[PDB]
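Chemist: Here it is: the structure, laid out below.
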2 protein chains.
Amino acid sequence: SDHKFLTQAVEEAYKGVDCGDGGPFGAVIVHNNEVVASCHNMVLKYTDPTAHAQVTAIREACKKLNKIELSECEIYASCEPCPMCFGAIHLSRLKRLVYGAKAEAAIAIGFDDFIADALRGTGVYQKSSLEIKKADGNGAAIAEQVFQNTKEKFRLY
Amino acid sequence: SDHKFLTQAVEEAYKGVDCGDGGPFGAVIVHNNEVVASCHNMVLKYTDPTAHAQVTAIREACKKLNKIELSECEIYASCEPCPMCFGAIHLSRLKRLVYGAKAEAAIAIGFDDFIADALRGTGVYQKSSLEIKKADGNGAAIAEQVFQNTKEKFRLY
Ligand SMILES: [Zn+2]
Ligand SMILES: [Zn+2]
């Protein structure tokens, strides 16, 4: 079931970048094989620098379920969550995080080297207990190629 | 000018708790001695675990200035920003952060031990360039007293 929801996140990223909502990032929040929220980066549409794919998905899932905690749901991120999105994932009480592409795949096309210490385990004050899975195989390949595909769809300006 | 805007952030914290919007946290975003945003925690009001005081202040400052970067403004936080809010402050490019109370003052009344390595200078992956000032003297007294005065007035989240 992981592959289906991670691919849906990659499809959210492509749709969002295509319609100009924001960067090529998508996220899907799943409650026990049922999709609760499916969104992409909305920074340019919302004029909100905090409207990343993960944060947007969390806001919409929490509105739909009338709760501020998602301890029964899991989040699928087309790309490794930034420090802000990882913090938001912690606060949301989400029980599991699956992500497809390493932050370096996004850095390769000009994004900030803005990596979450708590996700990679390099923190002194911030420790994460959350279950984290880096996608492998085909899911990782699909997520990983998103950034070169969108840089070359937009290369000729 | 720091004490005046920090005091306004503390006032926002008290407002939000009194009207039930959220926890005792407030934030003020200032552009060149003029207030662009003044907000408090809206987690309970919005059913949104990302609606901290800093995040809310940022979205509203970006709506008022209709831009997704705040490199000319500064933020005053009644309490030390968590990893999510500090990440949002990084992404917003805010140039200065003044905060009143250490996170431990909020932890003492039941909040998560949720501390931002990049703020305290222990981050490896997350590099912060903005100037950060922890308030002392009366600013610290006011910000710390927020938590003993609001004890058992609000719902913990
Ligand atoms: Zn992010
Ligand atoms: Zn916060």
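Swiss-Prot numbering applies to chain A: residues 29-185, in that order.
The way this entry was determined, per its header, is X-ray crystallography, 2.3 Å.
From the backbone N, Cα and C atoms, a Cβ is placed for every residue, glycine too.
Okay, so Swiss-Prot annotates it like this:
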BINDING   A:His80, A:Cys110, A:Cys113  Zn(2+) binding site
Chemist: Looking only at A:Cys110, A:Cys113, the binding-site residues on record, which one has the least crowded Cβ, with the fewest other Cβ atoms within 10 Å?
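Modeler: Lowest Cβ count within 10 Å among the binding-site residues (A:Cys110, A:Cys113) is A:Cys110.
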Chemist: Let me know the DSSP-derived helix, strand or coil state of A:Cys110 (Zn(2+) binding site), please.
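Modeler: SS state of A:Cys110 (Zn(2+) binding site) = coil.
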Chemist: Residues with Cβ closer than 8 Å to the Cβ of A:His80 (Zn(2+) binding site), same chain and 6+ apart in sequence?
Modeler: A:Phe53, A:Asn69, A:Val71, A:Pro109, A:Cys110, A:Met112, A:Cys113
